[PDB]
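Chemist: mmCIF, C-alpha atoms; chains and numbers go by the auth columns, file coords_1.cif:
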```
data_structure
#
loop_
_atom_site.group_PDB
_atom_site.id
_atom_site.type_symbol
_atom_site.label_atom_id
_atom_site.label_comp_id
_atom_site.label_asym_id
_atom_site.label_seq_id
_atom_site.Cartn_x
_atom_site.Cartn_y
_atom_site.Cartn_z
_atom_site.B_iso_or_equiv
_atom_site.auth_seq_id
_atom_site.auth_asym_id
ATOM 1 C CA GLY A 1 15.674 10.859 -1.487 0.00 276 A
ATOM 2 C CA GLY A 2 12.630 13.112 -1.367 0.00 277 A
ATOM 3 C CA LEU A 3 10.790 10.811 -3.774 0.00 278 A
ATOM 4 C CA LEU A 4 9.274 8.911 -0.827 0.00 279 A
ATOM 5 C CA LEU A 5 6.531 11.513 -0.390 0.00 280 A
ATOM 6 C CA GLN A 6 5.516 10.979 -4.019 0.00 281 A
ATOM 7 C CA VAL A 7 5.339 7.214 -3.487 0.00 282 A
ATOM 8 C CA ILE A 8 3.177 7.562 -0.370 0.00 283 A
ATOM 9 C CA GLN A 9 0.851 10.039 -2.073 0.00 284 A
ATOM 10 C CA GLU A 10 0.578 7.761 -5.111 0.00 285 A
ATOM 11 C CA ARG A 11 -0.026 4.801 -2.796 0.00 286 A
ATOM 12 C CA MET A 12 -2.658 6.699 -0.799 0.00 287 A
ATOM 13 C CA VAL A 13 -4.963 7.227 -3.789 0.00 288 A
ATOM 14 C CA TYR A 14 -6.128 3.599 -3.856 0.00 289 A
ATOM 15 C CA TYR A 15 -6.908 3.459 -0.114 0.00 290 A
ATOM 16 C CA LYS A 16 -8.693 6.826 -0.007 0.00 291 A
ATOM 17 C CA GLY A 17 -11.953 5.177 1.063 0.00 292 A
ATOM 18 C CA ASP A 18 -10.508 2.690 3.535 0.00 293 A
ATOM 19 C CA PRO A 19 -10.587 4.206 7.051 0.00 294 A
ATOM 20 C CA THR A 20 -7.870 2.192 8.806 0.00 295 A
ATOM 21 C CA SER A 21 -5.479 2.098 5.845 0.00 296 A
ATOM 22 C CA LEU A 22 -5.940 5.811 5.187 0.00 297 A
ATOM 23 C CA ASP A 23 -5.338 6.594 8.861 0.00 298 A
ATOM 24 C CA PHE A 24 -2.122 4.575 8.889 0.00 299 A
ATOM 25 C CA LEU A 25 -0.859 6.110 5.645 0.00 300 A
ATOM 26 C CA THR A 26 -1.691 9.626 6.833 0.00 301 A
ATOM 27 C CA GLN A 27 0.102 9.048 10.142 0.00 302 A
ATOM 28 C CA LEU A 28 3.151 7.672 8.318 0.00 303 A
ATOM 29 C CA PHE A 29 3.177 10.617 5.912 0.00 304 A
ATOM 30 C CA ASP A 30 2.869 13.088 8.782 0.00 305 A
ATOM 31 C CA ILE A 31 5.787 11.701 10.776 0.00 306 A
ATOM 32 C CA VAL A 32 8.013 11.121 7.737 0.00 307 A
ATOM 33 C CA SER A 33 7.520 14.636 6.356 0.00 308 A
ATOM 34 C CA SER A 34 8.409 16.323 9.657 0.00 309 A
ATOM 35 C CA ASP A 35 12.081 16.726 8.700 0.00 310 A
ATOM 36 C CA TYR A 36 11.139 18.475 5.449 0.00 311 A
ATOM 37 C CA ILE A 37 8.885 20.825 7.405 0.00 312 A
ATOM 38 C CA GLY A 38 11.802 21.562 9.721 0.00 313 A
ATOM 39 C CA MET A 39 14.000 22.549 6.789 0.00 314 A
ATOM 40 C CA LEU A 40 11.255 24.708 5.276 0.00 315 A
ATOM 41 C CA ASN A 41 10.478 26.362 8.618 0.00 316 A
ATOM 42 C CA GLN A 42 14.110 27.276 9.236 0.00 317 A
ATOM 43 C CA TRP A 43 14.453 28.574 5.682 0.00 318 A
ATOM 44 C CA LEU A 44 11.379 30.813 5.939 0.00 319 A
ATOM 45 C CA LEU A 45 11.964 31.966 9.541 0.00 320 A
ATOM 46 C CA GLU A 46 15.743 32.509 9.669 0.00 321 A
ATOM 47 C CA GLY A 47 16.995 32.184 6.084 0.00 322 A
ATOM 48 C CA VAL A 48 19.435 29.378 6.918 0.00 323 A
ATOM 49 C CA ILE A 49 19.880 26.015 5.192 0.00 324 A
ATOM 50 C CA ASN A 50 21.194 23.401 7.605 0.00 325 A
ATOM 51 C CA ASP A 51 21.098 19.773 6.448 0.00 326 A
ATOM 52 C CA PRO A 52 24.059 18.997 4.136 0.00 327 A
ATOM 53 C CA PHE A 53 22.367 16.100 2.295 0.00 328 A
ATOM 54 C CA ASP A 54 21.140 18.405 -0.512 0.00 329 A
ATOM 55 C CA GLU A 55 17.632 17.145 0.231 0.00 330 A
ATOM 56 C CA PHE A 56 16.016 20.576 0.453 0.00 331 A
ATOM 57 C CA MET A 57 14.516 22.165 -2.651 0.00 332 A
ATOM 58 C CA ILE A 58 16.209 25.582 -2.237 0.00 333 A
ATOM 59 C CA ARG A 59 19.746 24.679 -3.323 0.00 334 A
ATOM 60 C CA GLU A 60 22.327 27.142 -2.053 0.00 335 A
ATOM 61 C CA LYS A 61 25.667 26.349 -3.713 0.00 336 A
ATOM 62 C CA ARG A 62 29.209 27.135 -2.589 0.00 337 A
ATOM 63 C CA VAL A 63 31.352 29.421 -4.750 0.00 338 A
ATOM 64 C CA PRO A 64 34.587 27.711 -5.890 0.00 339 A
ATOM 65 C CA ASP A 65 37.749 28.950 -4.203 0.00 340 A
ATOM 66 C CA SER A 66 39.182 29.738 -7.645 0.00 341 A
ATOM 67 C CA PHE A 67 36.485 32.408 -8.173 0.00 342 A
ATOM 68 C CA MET A 68 36.079 33.792 -4.634 0.00 343 A
ATOM 69 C CA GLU A 69 37.606 37.184 -5.456 0.00 344 A
ATOM 70 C CA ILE A 70 35.521 37.509 -8.628 0.00 345 A
ATOM 71 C CA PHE A 71 32.210 36.711 -6.933 0.00 346 A
ATOM 72 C CA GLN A 72 32.909 39.010 -3.982 0.00 347 A
ATOM 73 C CA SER A 73 33.151 41.982 -6.352 0.00 348 A
ATOM 74 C CA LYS A 74 30.044 41.030 -8.369 0.00 349 A
ATOM 75 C CA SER A 75 27.741 40.066 -5.516 0.00 350 A
ATOM 76 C CA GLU A 76 24.715 40.406 -7.815 0.00 351 A
ATOM 77 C CA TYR A 77 25.508 37.120 -9.546 0.00 352 A
ATOM 78 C CA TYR A 78 26.247 35.503 -6.187 0.00 353 A
ATOM 79 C CA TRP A 79 22.811 36.442 -4.854 0.00 354 A
ATOM 80 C CA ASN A 80 20.968 35.771 -8.124 0.00 355 A
ATOM 81 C CA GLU A 81 22.585 32.610 -9.567 0.00 356 A
ATOM 82 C CA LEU A 82 23.887 30.487 -6.675 0.00 357 A
ATOM 83 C CA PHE A 83 20.411 30.058 -5.170 0.00 358 A
ATOM 84 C CA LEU A 84 18.286 27.611 -7.154 0.00 359 A
ATOM 85 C CA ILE A 85 15.116 25.550 -6.803 0.00 360 A
ATOM 86 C CA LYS A 86 15.548 21.786 -7.225 0.00 361 A
ATOM 87 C CA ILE A 87 12.421 20.977 -9.316 0.00 362 A
ATOM 88 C CA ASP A 88 12.735 17.179 -8.839 0.00 363 A
ATOM 89 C CA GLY A 89 11.911 17.196 -5.123 0.00 364 A
ATOM 90 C CA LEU A 90 8.960 19.599 -5.252 0.00 365 A
ATOM 91 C CA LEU A 91 5.493 18.558 -4.150 0.00 366 A
ATOM 92 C CA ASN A 92 2.388 19.584 -6.065 0.00 367 A
ATOM 93 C CA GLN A 93 1.703 22.290 -3.466 0.00 368 A
ATOM 94 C CA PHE A 94 4.896 24.129 -4.449 0.00 369 A
ATOM 95 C CA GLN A 95 4.415 23.404 -8.182 0.00 370 A
ATOM 96 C CA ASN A 96 3.511 27.045 -8.789 0.00 371 A
ATOM 97 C CA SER A 97 5.780 29.760 -10.155 0.00 372 A
ATOM 98 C CA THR A 98 4.680 32.545 -7.804 0.00 373 A
ATOM 99 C CA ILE A 99 4.935 30.372 -4.683 0.00 374 A
ATOM 100 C CA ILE B 1 -27.227 -49.671 13.137 0.00 138 B
ATOM 101 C CA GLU B 2 -23.448 -49.604 12.552 0.00 139 B
ATOM 102 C CA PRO B 3 -23.244 -53.010 10.790 0.00 140 B
ATOM 103 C CA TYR B 4 -26.142 -52.138 8.460 0.00 141 B
ATOM 104 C CA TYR B 5 -25.170 -48.553 7.566 0.00 142 B
ATOM 105 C CA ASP B 6 -21.923 -47.678 5.754 0.00 143 B
ATOM 106 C CA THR B 7 -20.554 -44.162 5.264 0.00 144 B
ATOM 107 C CA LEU B 8 -17.296 -42.288 5.775 0.00 145 B
ATOM 108 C CA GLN B 9 -16.532 -37.964 12.959 0.00 148 B
ATOM 109 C CA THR B 10 -14.046 -38.268 10.101 0.00 149 B
ATOM 110 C CA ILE B 11 -16.002 -35.662 8.127 0.00 150 B
ATOM 111 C CA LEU B 12 -15.737 -33.230 11.035 0.00 151 B
ATOM 112 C CA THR B 13 -11.967 -33.764 11.062 0.00 152 B
ATOM 113 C CA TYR B 14 -11.528 -32.346 7.546 0.00 153 B
ATOM 114 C CA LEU B 15 -14.575 -30.056 7.497 0.00 154 B
ATOM 115 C CA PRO B 16 -12.996 -26.955 9.134 0.00 155 B
ATOM 116 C CA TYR B 17 -10.313 -26.822 6.444 0.00 156 B
ATOM 117 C CA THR B 18 -12.974 -26.957 3.725 0.00 157 B
ATOM 118 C CA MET B 19 -15.129 -24.301 5.402 0.00 158 B
ATOM 119 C CA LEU B 20 -12.245 -21.802 5.366 0.00 159 B
ATOM 120 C CA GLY B 21 -12.041 -22.130 1.577 0.00 160 B
ATOM 121 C CA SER B 22 -9.041 -24.460 1.458 0.00 161 B
ATOM 122 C CA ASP B 23 -8.457 -27.752 -0.326 0.00 162 B
ATOM 123 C CA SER B 24 -9.023 -30.937 1.664 0.00 163 B
ATOM 124 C CA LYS B 25 -8.023 -34.579 1.333 0.00 164 B
ATOM 125 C CA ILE B 26 -11.665 -35.601 0.745 0.00 165 B
ATOM 126 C CA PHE B 27 -13.134 -32.342 -0.648 0.00 166 B
ATOM 127 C CA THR B 28 -11.464 -30.650 -3.623 0.00 167 B
ATOM 128 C CA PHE B 29 -12.392 -27.388 -5.323 0.00 168 B
ATOM 129 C CA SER B 30 -12.256 -27.006 -9.093 0.00 169 B
ATOM 130 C CA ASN B 31 -13.028 -24.585 -11.921 0.00 170 B
ATOM 131 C CA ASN B 32 -11.580 -21.495 -10.234 0.00 171 B
ATOM 132 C CA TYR B 33 -13.348 -22.332 -6.954 0.00 172 B
ATOM 133 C CA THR B 34 -16.848 -22.384 -8.435 0.00 173 B
ATOM 134 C CA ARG B 35 -17.817 -25.979 -7.598 0.00 174 B
ATOM 135 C CA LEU B 36 -17.026 -28.528 -4.892 0.00 175 B
ATOM 136 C CA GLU B 37 -16.950 -32.289 -5.487 0.00 176 B
ATOM 137 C CA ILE B 38 -18.437 -34.525 -2.794 0.00 177 B
ATOM 138 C CA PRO B 39 -16.458 -37.808 -2.791 0.00 178 B
ATOM 139 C CA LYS B 40 -17.678 -41.377 -3.018 0.00 179 B
ATOM 140 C CA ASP B 41 -18.505 -43.162 0.245 0.00 180 B
ATOM 141 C CA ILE B 42 -20.906 -40.405 1.294 0.00 181 B
ATOM 142 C CA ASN B 43 -24.373 -41.913 0.957 0.00 182 B
ATOM 143 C CA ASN B 44 -27.439 -39.982 -0.210 0.00 183 B
ATOM 144 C CA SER B 45 -28.559 -38.432 3.096 0.00 184 B
ATOM 145 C CA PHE B 46 -25.174 -37.100 4.238 0.00 185 B
ATOM 146 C CA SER B 47 -24.463 -35.707 0.766 0.00 186 B
ATOM 147 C CA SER B 48 -27.848 -33.978 0.684 0.00 187 B
ATOM 148 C CA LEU B 49 -27.163 -32.402 4.072 0.00 188 B
ATOM 149 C CA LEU B 50 -23.620 -31.362 3.157 0.00 189 B
ATOM 150 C CA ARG B 51 -24.892 -29.660 0.009 0.00 190 B
ATOM 151 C CA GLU B 52 -26.565 -27.163 2.349 0.00 191 B
ATOM 152 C CA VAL B 53 -23.510 -26.771 4.595 0.00 192 B
ATOM 153 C CA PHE B 54 -21.121 -26.319 1.668 0.00 193 B
ATOM 154 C CA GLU B 55 -23.085 -23.268 0.512 0.00 194 B
ATOM 155 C CA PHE B 56 -21.224 -21.241 3.138 0.00 195 B
ATOM 156 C CA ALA B 57 -17.818 -22.564 2.066 0.00 196 B
ATOM 157 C CA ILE B 58 -18.166 -21.719 -1.625 0.00 197 B
ATOM 158 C CA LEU B 59 -19.758 -18.319 -1.007 0.00 198 B
ATOM 159 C CA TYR B 60 -17.061 -17.385 1.495 0.00 199 B
ATOM 160 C CA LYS B 61 -14.371 -18.512 -0.940 0.00 200 B
ATOM 161 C CA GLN B 62 -15.864 -16.304 -3.653 0.00 201 B
ATOM 162 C CA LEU B 63 -15.974 -13.335 -1.280 0.00 202 B
ATOM 163 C CA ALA B 64 -12.372 -13.952 -0.210 0.00 203 B
ATOM 164 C CA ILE B 65 -11.290 -14.067 -3.855 0.00 204 B
ATOM 165 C CA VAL B 66 -13.036 -10.754 -4.498 0.00 205 B
ATOM 166 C CA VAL B 67 -11.537 -9.113 -1.408 0.00 206 B
ATOM 167 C CA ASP B 68 -8.021 -10.321 -2.203 0.00 207 B
ATOM 168 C CA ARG B 69 -8.333 -9.275 -5.860 0.00 208 B
ATOM 169 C CA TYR B 70 -9.793 -5.760 -5.446 0.00 209 B
ATOM 170 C CA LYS B 71 -8.017 -4.852 -2.199 0.00 210 B
ATOM 171 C CA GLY B 72 -5.983 -1.931 -3.538 0.00 211 B
ATOM 172 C CA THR B 73 -6.847 -1.813 -7.241 0.00 212 B
ATOM 173 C CA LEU B 74 -10.142 0.093 -7.347 0.00 213 B
ATOM 174 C CA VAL B 75 -9.758 3.874 -7.497 0.00 214 B
ATOM 175 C CA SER B 76 -13.312 4.912 -6.637 0.00 215 B
ATOM 176 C CA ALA B 77 -13.704 5.660 -2.934 0.00 216 B
ATOM 177 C CA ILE B 78 -17.235 4.233 -2.703 0.00 217 B
ATOM 178 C CA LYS B 79 -16.238 0.741 -3.807 0.00 218 B
#
```
Can the structure from this file be put into structure tokens for me?
Modeler:
Amino acid sequence: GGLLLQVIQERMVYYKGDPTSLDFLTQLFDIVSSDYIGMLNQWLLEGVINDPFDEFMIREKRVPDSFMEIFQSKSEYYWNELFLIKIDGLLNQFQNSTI
Amino acid sequence: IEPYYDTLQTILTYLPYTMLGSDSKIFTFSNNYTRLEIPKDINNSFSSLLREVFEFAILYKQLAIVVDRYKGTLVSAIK
């Protein structure tokens, strides 16, 4: 899934001094990451998660139908528990509690 | 002079393959590509001349080995 960015970044350490190889790897990383930037931009600009592949780090989860009436009354737990951060897919930039 | 002088254009046929650091039917590398054996039927003069030409082949082979070995292993940016 989102592990590709980690592989490219790990791969890019060895070719950090090679101009052509670094240019190609940087171009590939830039184009590949564009979807992730789209998800992040929509999340921070409109507060909407769009792509249903569960790729994005901010995991909004659906309430089960069996508990719909319960969660509607106690909206605090809906808005505090059913939004999570998927730690596996985070880059080192976001590996900070405050961010 | 042909009747009175014996030695193996045939050299130039197999020389390009040796120059590019590859094994040849009359020139064979050995000892991890550190020495090259000049065959029999190459009299003194031609062998002495080839010893100068083959300097490029062995040196290039060593450089190619280094490049292929350390292509993406070294971590330091300078190297």
Chemist: Go through chain B and flag each residue having an atom no more than 7 Å from chain A; for those, report the closest pair of atoms plus their distance in Å to one decimal, using all atoms listed in the file, ordered by chain and rising number, as a tab-separated table.
Modeler:
```
residue	atom	partner	partner_atom	distance
B:211	CA	A:289	CA	5.5
B:212	CA	A:289	CA	6.4
B:213	CA	A:289	CA	6.4
B:214	CA	A:289	CA	5.1
B:216	CA	A:292	CA	4.4
B:217	CA	A:292	CA	6.6
```
Chemist: Store the residues picked out above, limited to C-alpha atoms, as a short mmCIF file (atom, residue, chain, number, x, y, z; two decimals), in the coordinates of the input.
Modeler:
```cif
data_model
loop_
_atom_site.label_atom_id
_atom_site.label_comp_id
_atom_site.auth_asym_id
_atom_site.auth_seq_id
_atom_site.Cartn_x
_atom_site.Cartn_y
_atom_site.Cartn_z
CA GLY B 211 -5.98 -1.93 -3.54
CA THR B 212 -6.85 -1.81 -7.24
CA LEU B 213 -10.14 0.09 -7.35
CA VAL B 214 -9.76 3.87 -7.50
CA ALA B 216 -13.70 5.66 -2.93
CA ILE B 217 -17.24 4.23 -2.70
#
```
Chemist: Could you list the residues chosen by the PyMOL selection byres ((chain A and resi 363) around 9) in this structure as a list in words?
Modeler: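 So the PyMOL selection byres ((chain A and resi 363) around 9), applied here, picks out residues 277, 278, 332, 360, 361, 362, 364, 365 and 366 of chain A.
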Chemist: To test your reading of the syntax: which residues would the PyMOL selection byres ((chain B and resi 179) around 12) return for the file shown? Reply as JSON, numbers by chain.
Modeler: {"B": [143, 144, 145, 165, 166, 176, 177, 178, 180, 181, 182, 183, 185, 186]}
Chemist: So what does the PyMOL selection byres ((chain A and resi 329) around 12) actually pick up in this one, as an MDAnalysis selection string?
Modeler: chainID A and resid 276:277 311 314 324:328 330:336 359:361 363:364
Chemist: Extract, using all atoms listed in the file, all DNA, RNA and protein residues at most 9 Å from region 301-308 of chain A, discarding same-chain residues fewer than 2 positions from it, and format them as a PyMOL selection string.
Modeler: chain A and resi 279-280+283-284+287+296-299+310-313
Chemist: Provide the CA of residue 371 (chain A) to CA of residue 315 (chain A) distance in Å, to one decimal place.
Modeler: 16.2 Å
Chemist: Would you mind telling me which residue in B:141, B:191, B:167, B:161 lies nearest to residue 204 (chain B) when using only C-alpha atoms?
Modeler: B:161
Chemist: Just want the 6 Å neighbourhood of region 194-199 of chain B, counted on only C-alpha atoms, with same-chain residues fewer than 3 positions away dropped. Output as an MDAnalysis selection string.
Modeler: chainID B and resid 158 160 191 202
Chemist: So what do you get for CA of residue 159 (chain B) versus CA of residue 207 (chain B), distance-wise?
Modeler: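 We find that CA of residue 159 (chain B) and CA of residue 207 (chain B) lie 14.4 Å from each other.
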Chemist: Point out the residue among B:148, B:193, B:209, B:187 with the least atom-to-atom distance to residue 175 (chain B), counting only C-alpha atoms.
Modeler: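 Looking at the shortest contact to residue 175 (chain B), the residue is B:193.
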